[PDB]
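**Q** Residue numbers (the entry's author numbering): 451 to 500.
What follows is a structure written as C-alpha cells; I'll ask about it next.
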DNA sequence: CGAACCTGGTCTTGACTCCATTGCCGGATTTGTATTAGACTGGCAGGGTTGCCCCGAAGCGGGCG
C-alpha cells in the first residue's frame with residue numbers, strides 16, 4: 451500500500467474522465483512501473499506500483 | 001322437622017388522607033429592540049483537460065431591390 455502509484459486524486463484525472471489510452475502500458479514503463487500489478491476492478495492502469 | 005350457627009359474600013356509611021389543580025404572586029431568565037458621531041465608499045480568484053451525439057445559435061460568404 452506504500453510504493454503505490456495512483457493516477458487519480460485531486461489534481462488528477464477521475465475514472466469517468468479517464469480515457470482508454472492512459473490505462474495502457476507505454477514502453478517507458480520498463481523499469482519504472484510494473485506492467486503486471488494493478489487492481490482488476492474498474493481501476494486497471496490508474497493505480498500501479500513502483 | 002326444627003334450632004342455632006358461622007360464614008359465602010353484598011352493600012353501604014362515615015370518617016380520614018392524599019393529592020392534583022388552579023390561583024396568585026413575586027423574582028429570575030429570556031428574547032426582542034434600540035443605540036452607539038473622527039473617517040472609513042465598487043467582492044475574491046478560482047478552476048480546467050472524455051468522448052460522442054443532437055440541436056440550436058451566431059456568423060460569414062453569397063448574391064440582390
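From the three backbone atoms N, C-alpha and C, an ideal C-beta is built for every residue, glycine too.
1. According to the neighbour-count rule (16 or more other Cβ atoms, all chains shown, within 10 Å of its Cβ), is residue 498 buried or exposed?
2. Determine the DSSP secondary structure at residue 478, reduced to helix, strand or coil.
3. If we ignore side chains and look at the alpha-carbon of each, how far apart do residue 475 and residue 493 end up?
4. I'd like to confirm the pairing. Which residues does DSSP put opposite residue 499 in its beta bridges?
5. Using the Cα positions of residue 484 and residue 495, report the straight-line distance between them to the nearest angstrom.
**A** The structure says:
1. With a 10 Å radius around the Cβ and a threshold of 16 neighbouring Cβ atoms, residue 498 comes out buried.
2. Helix, per DSSP.
3. 14 Å
4. In DSSP, residue 499 forms a bridge with 454.
5. 10 Å
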